[PDB]
Structure formats: C-alpha cells, structure tokens
Amino acid sequence: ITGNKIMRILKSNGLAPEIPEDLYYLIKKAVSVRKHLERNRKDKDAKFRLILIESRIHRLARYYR
Amino acid sequence: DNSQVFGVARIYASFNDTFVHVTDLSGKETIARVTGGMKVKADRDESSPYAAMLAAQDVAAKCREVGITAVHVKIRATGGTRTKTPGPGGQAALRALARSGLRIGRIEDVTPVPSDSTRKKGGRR
RNA sequence: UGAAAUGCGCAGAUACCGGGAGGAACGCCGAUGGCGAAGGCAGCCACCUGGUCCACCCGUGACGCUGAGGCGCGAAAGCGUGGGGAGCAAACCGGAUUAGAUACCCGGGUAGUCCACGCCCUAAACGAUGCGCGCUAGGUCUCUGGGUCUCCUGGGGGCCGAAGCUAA
C-alpha cells in the first residue's frame, strides 16, 4: 500500500494507541495479501506472511478485549 | 599483396583439426592454413597440436609477406590432439603465433554457442 | 579406447563459413558470500508479494512462550491427463573387457529429465544438534545497518579459544 494510503488508514483509525488502528492496518494488509493470493496460488512463502498477519490480528482482538 | 601489418588471427580449434586464418582489421582474410594445408594426413595432421603449431606458423609466415606484424588472436571452439604432448591443441596454435614473429596484441575467446540448436549426441548433453 | 570395436561418412561425414528452427541451462561476477521455516533459491527486465536488520525512541501497555491432535508447505524418483522433447539417460539394443560381465569402458536409446493441472510425502529432509528467554573471557576474518567511521555499536556468517561441559 502506498499513497500514504497507509498513513490515511492510520490517521483515520484513531488517536488511540492504535490497537484498533493496528487491527485496521492488519486487515488492510491481509486483504491485499488475500488479493495477491487470489493469483499466484503457488506463492507459498507469501502465504506464510499472511499466516503471521492473520495470526497477529486474531491474537490482538483477544488480547484487546 | 598490399601490406596490411595490423590484423586479426582466428584460431578455430576442434577435436578433429585446427584451422587458422589471418585477416585485416576489416575482417577480410589474408591467408589461411590448417593441418590439411600442410602435408599431414587426416588423423595426425588434422588434430595434433603439432599440426596446429605448424598451421599457425604457416599462417603467420604467409601473412608476413602481406606485411603483417601485429595481430589480435581470436580463439573459437575447443579441441586439441590425441598426441602425447600436452596437446591442448588450441594453445599450441596460440603459442606458435606469439613466437611466429607477429606480435600478438591479445588473445580472446569468443567460442560461439548455439541458443540451443539441436540435441548433441556423442555422449554430450 | 588401456588398446579396440560397434557406430557415422563418397546419397560427401569430420574440420570451416553463413542462415534458420527448437529445447534446456544460465559462463565470468561467484565468495571462504547472500536469502528462506524447512524442502530449497543464482542471465537480465518489469509487475505482484513474504520475511528481516538498523536508527529515532514516537504509539499500545504483558497483548508473552511453547504447542498434542488439525491445516498447510515439503528434494529426487514415481503416478494421472494434456503439452513439449535440444542435450542427458533407468529399461532396453549393440561393441569391448573377462574365466564368466546380466557391471564398470565405448556406440545407440525409451520412460524420464522440461511445462501445466492434479496426486504422492519420502530422504544422510543433516548442524545426524526442537523452539523461546536470561546469564557466563576474549581474539581473528567476513556480510549487512548506525556512529562522534585508524574504531565503537546492532543483526548475520566462519575460525581459534576463558570458565565450564564431554566417554572421548
């Protein structure tokens, strides 16, 4: 993501400590990854990256509340 | 014929035979020699590093009349000889030239290679 | 080739020049190097994409570690359908060697090796060394970042070695 699309997502997410912001960033990155994965099914190594992001998101929600 | 003095020498080695041809700065060949050119018969003449040596010299000497002095050597292909001598086959030619009297400006390996023409046999591939 | 022979060549081979077609691999750089969780990954170009290090210490405020079963990935060979097939080459067909040669050597050669989609799931899958964290002399070479850059500091790769450990 570019265009500071990241920044905009960050700013829009919140003044807060960005745990929720983090959730947003992760969802955004994940979606793109899922998108990437739509193609390049073969790309296993990339998938691993998704594994981390999805994992971290899942974990954060639990930790958060 | 018309003195040149500076030119190119192409050494084309092969497992079968060595053929060297000298050329102008332009690329047009002045003269050429091979193991066949000298009277040596097919097996021995053709490859034998000795032959390559003789051919190299014959090429230079003939070129000397052309008034050749300095030359750029280009090596194409690999090959040599069966002979007991070390017989790199190609190297001897490269040597004979340096010695022949012509000053060799440079030795360059530009052995051509196919993109991938056809399958080689001969235990290759 | 140890010597050879099979083999190819006068329908002209080999060696040489030019043109074309096709497949596979990617010399030098290249390392004693780098990347990845492993398997593994090296022509160049663009796009898509994962991991990772460092500086600032700015934000959250224990959100951490490991992880049975699951799920996924997993060299080669191998399997299914289709494609491709230059070189190589199990099987196979010959030549030689030998006491014999179902081998090693030489000439051929099919599957396969390549691509796609699906399957198989193994290995000396090795560092033969599970993951995380803390603590315990140094020296030397190296890759990558920062610094007040003849050295200090962080991450990685090697060598030698304190204490200690070890049956060695």
# chains A, B, ... in the order shown; residues from 1 in each chain; ligands from 1

$ select_by_dssp --residues "chain B" --states "strand (DSSP E)" --output "PDB file with N, CA, C and O atoms, in the first residue's frame"
ATOM      1  N   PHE B   6      48.560  -4.742 -39.643  1.00  0.00           N
ATOM      2  CA  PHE B   6      47.817  -4.962 -38.430  1.00  0.00           C
ATOM      3  C   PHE B   6      46.607  -5.751 -38.799  1.00  0.00           C
ATOM      4  O   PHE B   6      45.958  -5.449 -39.797  1.00  0.00           O
ATOM      5  N   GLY B   7      46.261  -6.781 -37.993  1.00  0.00           N
ATOM      6  CA  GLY B   7      45.130  -7.573 -38.391  1.00  0.00           C
ATOM      7  C   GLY B   7      44.675  -8.499 -37.297  1.00  0.00           C
ATOM      8  O   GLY B   7      45.062  -8.371 -36.135  1.00  0.00           O
ATOM      9  N   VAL B   8      43.815  -9.472 -37.679  1.00  0.00           N
ATOM     10  CA  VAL B   8      43.213 -10.406 -36.768  1.00  0.00           C
ATOM     11  C   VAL B   8      43.617 -11.803 -37.133  1.00  0.00           C
ATOM     12  O   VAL B   8      43.906 -12.098 -38.291  1.00  0.00           O
ATOM     13  N   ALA B   9      43.695 -12.705 -36.138  1.00  0.00           N
ATOM     14  CA  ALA B   9      44.007 -14.072 -36.433  1.00  0.00           C
ATOM     15  C   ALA B   9      42.960 -14.903 -35.778  1.00  0.00           C
ATOM     16  O   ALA B   9      42.744 -14.818 -34.570  1.00  0.00           O
ATOM     17  N   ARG B  10      42.287 -15.764 -36.559  1.00  0.00           N
ATOM     18  CA  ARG B  10      41.254 -16.549 -35.960  1.00  0.00           C
ATOM     19  C   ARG B  10      41.735 -17.957 -35.854  1.00  0.00           C
ATOM     20  O   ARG B  10      42.144 -18.580 -36.834  1.00  0.00           O
ATOM     21  N   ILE B  11      41.696 -18.491 -34.619  1.00  0.00           N
ATOM     22  CA  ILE B  11      42.143 -19.825 -34.347  1.00  0.00           C
ATOM     23  C   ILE B  11      40.913 -20.636 -34.131  1.00  0.00           C
ATOM     24  O   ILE B  11      40.158 -20.387 -33.189  1.00  0.00           O
ATOM     25  N   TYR B  12      40.658 -21.629 -35.006  1.00  0.00           N
ATOM     26  CA  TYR B  12      39.463 -22.385 -34.799  1.00  0.00           C
ATOM     27  C   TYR B  12      39.845 -23.795 -34.492  1.00  0.00           C
ATOM     28  O   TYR B  12      40.136 -24.588 -35.389  1.00  0.00           O
ATOM     29  N   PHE B  19      42.392 -24.885 -37.754  1.00  0.00           N
ATOM     30  CA  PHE B  19      42.483 -24.064 -38.926  1.00  0.00           C
ATOM     31  C   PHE B  19      42.644 -22.648 -38.496  1.00  0.00           C
ATOM     32  O   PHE B  19      41.815 -22.115 -37.765  1.00  0.00           O
ATOM     33  N   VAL B  20      43.716 -21.974 -38.955  1.00  0.00           N
ATOM     34  CA  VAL B  20      43.846 -20.611 -38.544  1.00  0.00           C
ATOM     35  C   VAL B  20      43.819 -19.732 -39.757  1.00  0.00           C
ATOM     36  O   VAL B  20      44.390 -20.055 -40.796  1.00  0.00           O
ATOM     37  N   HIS B  21      43.074 -18.610 -39.680  1.00  0.00           N
ATOM     38  CA  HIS B  21      43.054 -17.733 -40.812  1.00  0.00           C
ATOM     39  C   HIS B  21      43.344 -16.355 -40.332  1.00  0.00           C
ATOM     40  O   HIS B  21      42.816 -15.921 -39.308  1.00  0.00           O
ATOM     41  N   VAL B  22      44.224 -15.633 -41.058  1.00  0.00           N
ATOM     42  CA  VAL B  22      44.554 -14.303 -40.639  1.00  0.00           C
ATOM     43  C   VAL B  22      43.776 -13.330 -41.459  1.00  0.00           C
ATOM     44  O   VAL B  22      43.444 -13.581 -42.617  1.00  0.00           O
ATOM     45  N   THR B  23      43.445 -12.179 -40.846  1.00  0.00           N
ATOM     46  CA  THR B  23      42.602 -11.253 -41.519  1.00  0.00           C
ATOM     47  C   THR B  23      43.053  -9.839 -41.296  1.00  0.00           C
ATOM     48  O   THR B  23      43.958  -9.563 -40.513  1.00  0.00           O
ATOM     49  N   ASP B  24      42.402  -8.901 -42.025  1.00  0.00           N
ATOM     50  CA  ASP B  24      42.674  -7.490 -41.955  1.00  0.00           C
ATOM     51  C   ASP B  24      41.943  -6.956 -40.775  1.00  0.00           C
ATOM     52  O   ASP B  24      41.124  -7.639 -40.162  1.00  0.00           O
ATOM     53  N   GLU B  29      39.885 -12.093 -45.018  1.00  0.00           N
ATOM     54  CA  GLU B  29      41.006 -12.967 -44.758  1.00  0.00           C
ATOM     55  C   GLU B  29      42.126 -12.780 -45.742  1.00  0.00           C
ATOM     56  O   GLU B  29      41.905 -12.718 -46.950  1.00  0.00           O
ATOM     57  N   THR B  30      43.365 -12.612 -45.213  1.00  0.00           N
ATOM     58  CA  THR B  30      44.581 -12.513 -45.979  1.00  0.00           C
ATOM     59  C   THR B  30      45.001 -13.859 -46.481  1.00  0.00           C
ATOM     60  O   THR B  30      45.226 -14.047 -47.676  1.00  0.00           O
ATOM     61  N   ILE B  31      45.143 -14.830 -45.550  1.00  0.00           N
ATOM     62  CA  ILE B  31      45.517 -16.172 -45.901  1.00  0.00           C
ATOM     63  C   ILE B  31      45.031 -17.087 -44.818  1.00  0.00           C
ATOM     64  O   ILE B  31      44.558 -16.631 -43.777  1.00  0.00           O
ATOM     65  N   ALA B  32      45.112 -18.417 -45.047  1.00  0.00           N
ATOM     66  CA  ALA B  32      44.639 -19.343 -44.053  1.00  0.00           C
ATOM     67  C   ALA B  32      45.422 -20.621 -44.144  1.00  0.00           C
ATOM     68  O   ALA B  32      45.926 -20.978 -45.208  1.00  0.00           O
ATOM     69  N   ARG B  33      45.541 -21.348 -43.006  1.00  0.00           N
ATOM     70  CA  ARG B  33      46.234 -22.610 -43.009  1.00  0.00           C
ATOM     71  C   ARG B  33      45.479 -23.574 -42.130  1.00  0.00           C
ATOM     72  O   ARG B  33      44.538 -23.189 -41.437  1.00  0.00           O
ATOM     73  N   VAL B  34      45.853 -24.876 -42.172  1.00  0.00           N
ATOM     74  CA  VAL B  34      45.180 -25.887 -41.389  1.00  0.00           C
ATOM     75  C   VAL B  34      46.100 -27.068 -41.303  1.00  0.00           C
ATOM     76  O   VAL B  34      47.237 -27.013 -41.769  1.00  0.00           O
ATOM     77  N   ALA B  70      51.359  -7.005 -36.392  1.00  0.00           N
ATOM     78  CA  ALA B  70      50.618  -7.148 -35.164  1.00  0.00           C
ATOM     79  C   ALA B  70      49.293  -7.788 -35.451  1.00  0.00           C
ATOM     80  O   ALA B  70      48.702  -7.566 -36.507  1.00  0.00           O
ATOM     81  N   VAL B  71      48.792  -8.619 -34.508  1.00  0.00           N
ATOM     82  CA  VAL B  71      47.555  -9.316 -34.747  1.00  0.00           C
ATOM     83  C   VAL B  71      46.812  -9.507 -33.453  1.00  0.00           C
ATOM     84  O   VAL B  71      47.402  -9.546 -32.376  1.00  0.00           O
ATOM     85  N   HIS B  72      45.466  -9.616 -33.552  1.00  0.00           N
ATOM     86  CA  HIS B  72      44.609  -9.899 -32.430  1.00  0.00           C
ATOM     87  C   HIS B  72      44.177 -11.321 -32.616  1.00  0.00           C
ATOM     88  O   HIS B  72      43.679 -11.689 -33.680  1.00  0.00           O
ATOM     89  N   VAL B  73      44.345 -12.167 -31.582  1.00  0.00           N
ATOM     90  CA  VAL B  73      44.015 -13.555 -31.756  1.00  0.00           C
ATOM     91  C   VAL B  73      42.647 -13.819 -31.215  1.00  0.00           C
ATOM     92  O   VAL B  73      42.279 -13.330 -30.149  1.00  0.00           O
ATOM     93  N   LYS B  74      41.849 -14.605 -31.966  1.00  0.00           N
ATOM     94  CA  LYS B  74      40.540 -14.971 -31.506  1.00  0.00           C
ATOM     95  C   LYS B  74      40.467 -16.465 -31.525  1.00  0.00           C
ATOM     96  O   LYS B  74      40.734 -17.111 -32.538  1.00  0.00           O
ATOM     97  N   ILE B  75      40.071 -17.050 -30.383  1.00  0.00           N
ATOM     98  CA  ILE B  75      40.039 -18.473 -30.218  1.00  0.00           C
ATOM     99  C   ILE B  75      38.609 -18.887 -30.308  1.00  0.00           C
ATOM    100  O   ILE B  75      37.753 -18.347 -29.607  1.00  0.00           O
ATOM    101  N   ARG B  76      38.301 -19.846 -31.195  1.00  0.00           N
ATOM    102  CA  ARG B  76      36.945 -20.296 -31.229  1.00  0.00           C
ATOM    103  C   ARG B  76      36.954 -21.784 -31.178  1.00  0.00           C
ATOM    104  O   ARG B  76      37.702 -22.446 -31.895  1.00  0.00           O
ATOM    105  N   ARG B 103      53.583  -9.804 -33.409  1.00  0.00           N
ATOM    106  CA  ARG B 103      53.350  -9.512 -32.028  1.00  0.00           C
ATOM    107  C   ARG B 103      51.889  -9.677 -31.812  1.00  0.00           C
ATOM    108  O   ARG B 103      51.073  -9.111 -32.542  1.00  0.00           O
ATOM    109  N   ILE B 104      51.514 -10.476 -30.793  1.00  0.00           N
ATOM    110  CA  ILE B 104      50.116 -10.716 -30.605  1.00  0.00           C
ATOM    111  C   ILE B 104      49.606  -9.756 -29.581  1.00  0.00           C
ATOM    112  O   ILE B 104      50.042  -9.749 -28.431  1.00  0.00           O
ATOM    113  N   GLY B 105      48.685  -8.874 -30.023  1.00  0.00           N
ATOM    114  CA  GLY B 105      48.108  -7.863 -29.186  1.00  0.00           C
ATOM    115  C   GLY B 105      47.246  -8.473 -28.124  1.00  0.00           C
ATOM    116  O   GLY B 105      47.317  -8.074 -26.964  1.00  0.00           O
ATOM    117  N   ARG B 106      46.384  -9.452 -28.483  1.00  0.00           N
ATOM    118  CA  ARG B 106      45.538 -10.003 -27.461  1.00  0.00           C
ATOM    119  C   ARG B 106      45.032 -11.344 -27.887  1.00  0.00           C
ATOM    120  O   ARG B 106      44.970 -11.658 -29.074  1.00  0.00           O
ATOM    121  N   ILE B 107      44.658 -12.180 -26.890  1.00  0.00           N
ATOM    122  CA  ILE B 107      44.056 -13.460 -27.131  1.00  0.00           C
ATOM    123  C   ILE B 107      42.659 -13.332 -26.625  1.00  0.00           C
ATOM    124  O   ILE B 107      42.440 -12.852 -25.513  1.00  0.00           O
ATOM    125  N   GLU B 108      41.664 -13.742 -27.435  1.00  0.00           N
ATOM    126  CA  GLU B 108      40.313 -13.572 -26.993  1.00  0.00           C
ATOM    127  C   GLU B 108      39.568 -14.838 -27.289  1.00  0.00           C
ATOM    128  O   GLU B 108      39.712 -15.422 -28.364  1.00  0.00           O
ATOM    129  N   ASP B 109      38.741 -15.303 -26.333  1.00  0.00           N
ATOM    130  CA  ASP B 109      37.965 -16.498 -26.515  1.00  0.00           C
ATOM    131  C   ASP B 109      36.584 -16.089 -26.888  1.00  0.00           C
ATOM    132  O   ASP B 109      35.852 -15.552 -26.060  1.00  0.00           O
TER     133      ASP B 109
END

$ residues_around --residues "residue 7 of chain A" --least-positions-apart "6" --cutoff "10 Å" --atoms "only C-alpha atoms (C1' of nucleotides)" --output "list in words"
residues 1, 13 and 25 of chain A

$ write_last_selection --atoms "N, CA, C and O atoms" --output "short mmCIF file (atom, residue, chain, number, x, y, z; two decimals), in the first residue's frame"
data_model
loop_
_atom_site.label_atom_id
_atom_site.label_comp_id
_atom_site.auth_asym_id
_atom_site.auth_seq_id
_atom_site.Cartn_x
_atom_site.Cartn_y
_atom_site.Cartn_z
N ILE A 1 0.86 -1.21 0.00
CA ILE A 1 0.00 0.00 0.00
C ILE A 1 0.86 1.21 0.00
O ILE A 1 1.91 1.25 0.65
N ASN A 13 -7.82 5.71 11.50
CA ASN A 13 -8.07 4.73 12.51
C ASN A 13 -8.18 5.39 13.84
O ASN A 13 -9.19 5.20 14.53
N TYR A 25 -4.84 -1.77 10.23
CA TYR A 25 -3.73 -1.86 9.32
C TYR A 25 -3.64 -3.28 8.87
O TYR A 25 -3.48 -3.56 7.68
#

$ residues_around --residues "segment 43-52 of chain C" --least-positions-apart "3" --cutoff "9 Å" --atoms "only C-alpha atoms (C1' of nucleotides)" --output "ChimeraX atom specification"
/A:33,36-37,39-40,43-50 /C:26,36

$ write_last_selection --atoms "N, CA, C and O atoms (P, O5', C5', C4', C3', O3' and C1' of nucleotides)" --output "PDB file, in the first residue's frame"
ATOM      1  N   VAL A  33      -3.072  -9.082   0.663  1.00  0.00           N
ATOM      2  CA  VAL A  33      -2.397 -10.346   0.578  1.00  0.00           C
ATOM      3  C   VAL A  33      -3.352 -11.371   0.065  1.00  0.00           C
ATOM      4  O   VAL A  33      -3.018 -12.159  -0.818  1.00  0.00           O
ATOM      5  N   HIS A  36      -3.560 -10.837  -3.385  1.00  0.00           N
ATOM      6  CA  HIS A  36      -2.408 -11.286  -4.104  1.00  0.00           C
ATOM      7  C   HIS A  36      -2.537 -12.758  -4.301  1.00  0.00           C
ATOM      8  O   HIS A  36      -2.281 -13.258  -5.392  1.00  0.00           O
ATOM      9  N   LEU A  37      -2.973 -13.465  -3.244  1.00  0.00           N
ATOM     10  CA  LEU A  37      -3.098 -14.897  -3.190  1.00  0.00           C
ATOM     11  C   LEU A  37      -4.134 -15.393  -4.144  1.00  0.00           C
ATOM     12  O   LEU A  37      -4.062 -16.553  -4.544  1.00  0.00           O
ATOM     13  N   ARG A  39      -4.374 -14.659  -7.062  1.00  0.00           N
ATOM     14  CA  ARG A  39      -3.480 -15.055  -8.105  1.00  0.00           C
ATOM     15  C   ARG A  39      -2.333 -15.671  -7.381  1.00  0.00           C
ATOM     16  O   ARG A  39      -2.308 -15.659  -6.154  1.00  0.00           O
ATOM     17  N   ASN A  40      -1.368 -16.259  -8.116  1.00  0.00           N
ATOM     18  CA  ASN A  40      -0.178 -16.783  -7.503  1.00  0.00           C
ATOM     19  C   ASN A  40      -0.524 -17.695  -6.366  1.00  0.00           C
ATOM     20  O   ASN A  40      -0.080 -17.499  -5.235  1.00  0.00           O
ATOM     21  N   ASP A  43       2.499 -19.168  -4.681  1.00  0.00           N
ATOM     22  CA  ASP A  43       3.283 -18.364  -3.772  1.00  0.00           C
ATOM     23  C   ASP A  43       3.052 -18.779  -2.350  1.00  0.00           C
ATOM     24  O   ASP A  43       2.260 -18.171  -1.633  1.00  0.00           O
ATOM     25  N   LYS A  44       3.765 -19.834  -1.910  1.00  0.00           N
ATOM     26  CA  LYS A  44       3.659 -20.367  -0.583  1.00  0.00           C
ATOM     27  C   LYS A  44       4.306 -19.447   0.402  1.00  0.00           C
ATOM     28  O   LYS A  44       3.756 -19.178   1.471  1.00  0.00           O
ATOM     29  N   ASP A  45       5.493 -18.914   0.054  1.00  0.00           N
ATOM     30  CA  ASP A  45       6.217 -18.144   1.020  1.00  0.00           C
ATOM     31  C   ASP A  45       5.439 -16.923   1.384  1.00  0.00           C
ATOM     32  O   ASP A  45       5.440 -16.506   2.539  1.00  0.00           O
ATOM     33  N   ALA A  46       4.742 -16.318   0.408  1.00  0.00           N
ATOM     34  CA  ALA A  46       3.960 -15.147   0.685  1.00  0.00           C
ATOM     35  C   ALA A  46       2.880 -15.513   1.654  1.00  0.00           C
ATOM     36  O   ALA A  46       2.562 -14.754   2.568  1.00  0.00           O
ATOM     37  N   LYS A  47       2.305 -16.717   1.487  1.00  0.00           N
ATOM     38  CA  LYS A  47       1.197 -17.143   2.289  1.00  0.00           C
ATOM     39  C   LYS A  47       1.595 -17.148   3.726  1.00  0.00           C
ATOM     40  O   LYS A  47       0.788 -16.835   4.599  1.00  0.00           O
ATOM     41  N   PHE A  48       2.862 -17.492   4.009  1.00  0.00           N
ATOM     42  CA  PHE A  48       3.351 -17.590   5.354  1.00  0.00           C
ATOM     43  C   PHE A  48       3.187 -16.238   5.977  1.00  0.00           C
ATOM     44  O   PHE A  48       2.784 -16.121   7.134  1.00  0.00           O
ATOM     45  N   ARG A  49       3.470 -15.177   5.201  1.00  0.00           N
ATOM     46  CA  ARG A  49       3.370 -13.836   5.697  1.00  0.00           C
ATOM     47  C   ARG A  49       1.959 -13.605   6.145  1.00  0.00           C
ATOM     48  O   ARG A  49       1.723 -12.981   7.178  1.00  0.00           O
ATOM     49  N   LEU A  50       0.980 -14.110   5.373  1.00  0.00           N
ATOM     50  CA  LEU A  50      -0.399 -13.931   5.715  1.00  0.00           C
ATOM     51  C   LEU A  50      -0.636 -14.604   7.022  1.00  0.00           C
ATOM     52  O   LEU A  50      -1.365 -14.095   7.873  1.00  0.00           O
TER      53      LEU A  50
ATOM     54  P     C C  26      19.917 -23.044 -14.291  1.00  0.00           P
ATOM     55  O5'   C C  26      20.916 -21.919 -14.824  1.00  0.00           O
ATOM     56  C5'   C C  26      22.326 -22.139 -14.779  1.00  0.00           C
ATOM     57  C4'   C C  26      23.051 -21.194 -15.708  1.00  0.00           C
ATOM     58  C3'   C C  26      23.309 -19.770 -15.237  1.00  0.00           C
ATOM     59  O3'   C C  26      24.607 -19.378 -15.630  1.00  0.00           O
ATOM     60  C1'   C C  26      22.185 -19.742 -17.316  1.00  0.00           C
ATOM     61  P     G C  36      16.414 -14.155   5.462  1.00  0.00           P
ATOM     62  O5'   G C  36      15.500 -15.411   5.112  1.00  0.00           O
ATOM     63  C5'   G C  36      14.230 -15.214   4.483  1.00  0.00           C
ATOM     64  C4'   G C  36      13.609 -16.528   4.097  1.00  0.00           C
ATOM     65  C3'   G C  36      13.452 -17.572   5.186  1.00  0.00           C
ATOM     66  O3'   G C  36      12.313 -17.327   6.012  1.00  0.00           O
ATOM     67  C1'   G C  36      14.294 -18.587   3.207  1.00  0.00           C
TER      68        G C  36
END

$ closest_atom_pairs --of "chain B" --to "chain C" --cutoff "6 Å" --atoms "only C-alpha atoms (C1' of nucleotides)" --output "CSV"
residue,atom,partner,partner_atom,distance
B:16,CA,C:15,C1',5.8
B:17,CA,C:15,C1',5.4
B:116,CA,C:86,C1',5.9
B:118,CA,C:86,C1',4.3
B:119,CA,C:86,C1',3.8
B:120,CA,C:87,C1',5.7
B:125,CA,C:87,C1',3.4

$ interface_residues --of "chain C" --to "chain A" --cutoff "12 Å" --atoms "only C-alpha atoms (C1' of nucleotides)" --output "ChimeraX atom specification"
/C:36-38,40-41,47-51,58-64,71-74

$ atom_distance --atom1 "atom CA of residue 42 of chain A" --atom2 "atom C1' of residue 42 of chain C"
20.3 Å

$ closest_residue --among "B:43, B:4, B:56, B:15" --to "residue 96 of chain B" --atoms "only C-alpha atoms"
B:56

$ atom_distance --atom1 "atom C1' of residue 118 of chain C" --atom2 "atom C1' of residue 70 of chain C"
22.9 Å

$ select_by_dssp --residues "segment 10-41 of chain A" --states "alpha helix (DSSP H)" --output "ChimeraX atom specification"
/A:10-13,19-38

$ residues_around --residues "residue 65 of chain C" --least-positions-apart "2" --cutoff "12 Å" --atoms "only C-alpha atoms (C1' of nucleotides)" --output "ChimeraX atom specification"
/C:62,67,131-133

$ closest_residue --among "A:57, A:52, A:2, A:41" --to "residue 24 of chain A" --atoms "only C-alpha atoms"
A:57

$ residues_around --residues "segment 145-162 of chain C" --least-positions-apart "4" --cutoff "9 Å" --atoms "only C-alpha atoms (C1' of nucleotides)" --output "MDAnalysis selection string"
chainID C and resid 32:33 53:55 137:141

$ residues_around --residues "segment 79-89 of chain B" --least-positions-apart "4" --cutoff "6 Å" --atoms "only C-alpha atoms (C1' of nucleotides)" --output "VMD selection string"
chain B and resid 13 to 15 47 to 49

$ write_last_selection --atoms "N, CA, C and O atoms" --output "tab-separated table (two decimals), in the first residue's frame"
chain	number	residue	atom	x	y	z
B	13	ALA	N	39.83	-24.15	-33.19
B	13	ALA	CA	40.21	-25.46	-32.76
B	13	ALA	C	39.04	-26.38	-32.83
B	13	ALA	O	37.89	-25.95	-32.85
B	14	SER	N	39.33	-27.69	-32.90
B	14	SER	CA	38.32	-28.70	-32.88
B	14	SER	C	39.03	-29.97	-32.54
B	14	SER	O	40.26	-30.06	-32.62
B	15	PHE	N	38.28	-31.00	-32.14
B	15	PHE	CA	38.88	-32.24	-31.79
B	15	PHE	C	39.48	-32.86	-33.01
B	15	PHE	O	40.38	-33.69	-32.90
B	47	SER	N	44.24	-33.09	-36.17
B	47	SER	CA	44.15	-32.51	-34.86
B	47	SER	C	45.45	-32.05	-34.26
B	47	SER	O	45.58	-30.88	-33.92
B	48	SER	N	46.45	-32.97	-34.21
B	48	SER	CA	47.69	-32.91	-33.46
B	48	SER	C	48.12	-31.49	-33.20
B	48	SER	O	48.12	-30.66	-34.10
B	49	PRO	N	48.46	-31.21	-31.96
B	49	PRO	CA	48.78	-29.86	-31.55
B	49	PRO	C	49.94	-29.41	-32.36
B	49	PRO	O	50.10	-28.21	-32.59

$ decode --residues "segment 59-90 of chain C" --atoms "C-alpha atoms (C1' of nucleotides)" --output "PDB file, in the first residue's frame"
ATOM      1  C1'   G C  59       2.429   4.918  19.861  1.00  0.00           C
ATOM      2  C1'   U C  60      -0.283   0.327  22.563  1.00  0.00           C
ATOM      3  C1'   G C  61       0.687  -1.368  27.721  1.00  0.00           C
ATOM      4  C1'   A C  62       2.098  -8.192  29.336  1.00  0.00           C
ATOM      5  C1'   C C  63      -1.142  -8.052  24.247  1.00  0.00           C
ATOM      6  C1'   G C  64       4.029 -13.238  26.194  1.00  0.00           C
ATOM      7  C1'   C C  65       6.430 -18.593  25.471  1.00  0.00           C
ATOM      8  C1'   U C  66       5.587 -23.489  23.787  1.00  0.00           C
ATOM      9  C1'   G C  67       2.391 -26.138  21.328  1.00  0.00           C
ATOM     10  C1'   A C  68      -0.849 -32.969  21.485  1.00  0.00           C
ATOM     11  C1'   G C  69      -4.234 -33.669  17.580  1.00  0.00           C
ATOM     12  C1'   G C  70      -5.576 -30.010  12.607  1.00  0.00           C
ATOM     13  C1'   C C  71      -4.166 -27.316   8.397  1.00  0.00           C
ATOM     14  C1'   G C  72      -0.552 -26.051   5.236  1.00  0.00           C
ATOM     15  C1'   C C  73       4.432 -26.460   2.806  1.00  0.00           C
ATOM     16  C1'   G C  74       7.629 -30.359   1.680  1.00  0.00           C
ATOM     17  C1'   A C  75      14.476 -32.559  -2.811  1.00  0.00           C
ATOM     18  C1'   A C  76      14.593 -36.734  -6.213  1.00  0.00           C
ATOM     19  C1'   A C  77      12.200 -40.653  -8.105  1.00  0.00           C
ATOM     20  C1'   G C  78       7.382 -42.016  -9.050  1.00  0.00           C
ATOM     21  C1'   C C  79       1.661 -41.664 -10.648  1.00  0.00           C
ATOM     22  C1'   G C  80      -2.843 -39.401 -13.727  1.00  0.00           C
ATOM     23  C1'   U C  81      -4.425 -36.049 -18.114  1.00  0.00           C
ATOM     24  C1'   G C  82      -2.571 -32.916 -21.772  1.00  0.00           C
ATOM     25  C1'   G C  83       1.704 -30.438 -23.979  1.00  0.00           C
ATOM     26  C1'   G C  84       6.867 -30.445 -25.059  1.00  0.00           C
ATOM     27  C1'   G C  85      11.378 -33.022 -26.187  1.00  0.00           C
ATOM     28  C1'   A C  86      17.845 -29.914 -27.910  1.00  0.00           C
ATOM     29  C1'   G C  87      21.201 -32.455 -24.559  1.00  0.00           C
ATOM     30  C1'   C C  88      21.184 -36.396 -20.936  1.00  0.00           C
ATOM     31  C1'   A C  89      19.659 -41.061 -19.989  1.00  0.00           C
ATOM     32  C1'   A C  90      16.807 -46.499 -15.822  1.00  0.00           C
TER      33        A C  90
END
